[PDB]
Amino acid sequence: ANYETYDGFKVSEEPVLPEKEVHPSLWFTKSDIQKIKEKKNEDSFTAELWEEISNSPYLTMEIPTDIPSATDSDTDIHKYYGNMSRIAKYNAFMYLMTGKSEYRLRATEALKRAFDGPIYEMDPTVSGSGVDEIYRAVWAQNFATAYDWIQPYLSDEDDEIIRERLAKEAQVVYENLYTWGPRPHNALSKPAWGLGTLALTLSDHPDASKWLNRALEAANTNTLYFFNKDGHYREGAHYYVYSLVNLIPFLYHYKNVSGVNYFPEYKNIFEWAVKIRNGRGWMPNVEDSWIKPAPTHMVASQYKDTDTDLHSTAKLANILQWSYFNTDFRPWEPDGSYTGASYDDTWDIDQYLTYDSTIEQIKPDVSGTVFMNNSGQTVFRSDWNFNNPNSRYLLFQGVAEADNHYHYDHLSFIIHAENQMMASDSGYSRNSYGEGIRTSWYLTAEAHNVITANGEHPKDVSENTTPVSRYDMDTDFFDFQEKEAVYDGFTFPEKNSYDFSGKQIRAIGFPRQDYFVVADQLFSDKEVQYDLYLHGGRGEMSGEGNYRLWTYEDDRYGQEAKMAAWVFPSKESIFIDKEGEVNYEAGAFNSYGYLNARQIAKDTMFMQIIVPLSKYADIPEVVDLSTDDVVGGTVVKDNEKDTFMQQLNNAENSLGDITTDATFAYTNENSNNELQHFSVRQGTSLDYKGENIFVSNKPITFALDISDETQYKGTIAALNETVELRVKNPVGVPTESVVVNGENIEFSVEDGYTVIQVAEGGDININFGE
């Protein structure tokens, strides 16, 4: 695996340390302490956070006089060092906050027994080790923080003892960082930031410059490979948050101690979370990942002067604050831990010290639809409303495979709508990474919403190269994008030769921002077996032929609802009911229906029509009109007739009322059976009921709303060269202006048609008189 070719990001590796150690200074200086004590009375959140911290059993539990030996169980060794680190930090904090004698004594004794017992005897490369690098990253930050807090109140003797313990662990971590995490995943990054905290806590110690330099070096191998510039993490939401437990603290530690502010550089990893969140503020169960909330509140304070694309006027800080608190947290009751470190973390404290009660929660006001083409994700999204059933969310997953915690999920999608999780990623596993069922099922292509050719999964052209995206179109009435993966390409484990050569070109469209169309073009050099899968998450599957209906109930993830799905073409394809596991969180796995549509062919097409519905909604009337060269049909939902059409060539053909040379075409009628909205992929004409709507001298991809006869408005996808578009005016009405990207462009009117040269794409308004 090549770890240096992915379009990630890295910061300065130059170690910056202050002239002289200051304690406290990691989170705050001496001056801040009475402000922090008072903080508990700002709002109901700071109140709850204080209620939790001040009643922590780590203040009242007996410091254990039972040091466990090397040959004890891996769990008990974990919890010993976890509890000790926790006893140190919780007590050290509560001494600052109350001044109670006991708390200083407990903190001091716990810090004096930091990394006592068998830790340095044992081997962390061993799998699941009680002292694995990932756990002693949290421990290191817990003890180092505890020290920074109690250091002033220590005898010259106790200071020198505790300094030598933290300074040992620091040297051990420095020496064995790359041995423990030989590949740059979260097992390298987490303990690296752990070292970073230690280096900054003991800034005077002679080795600190070397410690911090490696800490930043090792961290940068993670951000260069597993992170994208645009903020995507390739280990998925779960290991993103697991990474945050150690990163977020270090980010603050290095600012507060050395005046090195990395928050601008790490900005996009927090924006990302908000962009891929569903109706209830959950990050998706993609790659080795459960559903996860994004702790964006704990960094909001640093982005008060940061612009975002997510609001016209407001600053990122306000959106980051909005995102966290607009998250359903019921899937983590009554415990409340979503970090992945519930044996080690001090999340109540770290939230107390980071939360800023002065930041106004502001909902994004921009188009919900977002195209993050650099990583390869894309979200169709009707609105940003929290826990609204009228909301529609589709994640379109086309991300270059990484070498750790990977699932085969190219051109997969998931859907959130009617407040339920519908079309599904089958999720991480039953429970853990080392389970057979993860390799035999959960990570396999078939456990996802893909198309396999002879069982081979759609994959990257070349390693660390994001699947190409085309025809990005966002509007009020219809969004659209296509992604291209290949079958005979690059994946993990590495597989150099294939019996054939083929590719998938999956287009997704968002008709009436209400339901979805998934229109696949498939090309191959040989005849092969295309298998389309469609998992309906955790629903009772029913229905025969080309139609399936998943019915959901009030579960731990949403409300009573249903998803209806039709597959085209009906005749050339066969439909196979199958049963597979779907898991959104540890231990909560179950078997559910999933559809296997199958064709045997060389070059062919599929089309899925997928419709979220509320429990007792009428099932739309969906008619297949597919033939030899043309796949597509008609949907009659809420008294409007939508028509879809795909083909493999720019060849004049018909379906329903459409006639076009476009590889894809969409139409919306109103109650009165008049064309209102239409979109085309690389068309040069479209007739509806045999009435021409537009023509062009070259192939153009655009969507247009023609429901208002004073103004036609839509968008035109990116252009390679000047096109002469000609749109038909409403009968006997003159064109006044044409606006593309808020600038006028030159227009004539010939035979009832507005005529424009367009050399770049963007939002178009054709403005009409009377």
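Residue positions are given as counts along the sequence shown, with the first one as 1.
Taking the PDB entry as given, 332-340 carries the higher mean Cα B factor of the two stretches 603-611 and 332-340. The deposited model assigns a higher average Cα B-factor to 116-124 than to the other stretch when 116-124 and 182-190 are compared. Considering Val680, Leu394, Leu411, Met84 together, the PDB entry gives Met84 the largest C-alpha B factor. Based on the entry's C-alpha B-factors, the most elevated value among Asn213, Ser469, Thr663, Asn285 belongs to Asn213. Among the modelled residues of the chain, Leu655 sits in the middle third by CA temperature factor in this PDB entry.
The deposited CA B-factor of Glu691 belongs to the highest third of values across its chain.
Annotation for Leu725: C-alpha temperature factor in the middle third relative to the rest of the modelled chain, per the entry. Among the modelled residues of its chain, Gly376 has a C-alpha B-factor that falls in the lowest third, as given in the PDB entry. Placement of the Cα temperature factor of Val245 within the chain: lowest third of the modelled residues, per the deposited record.
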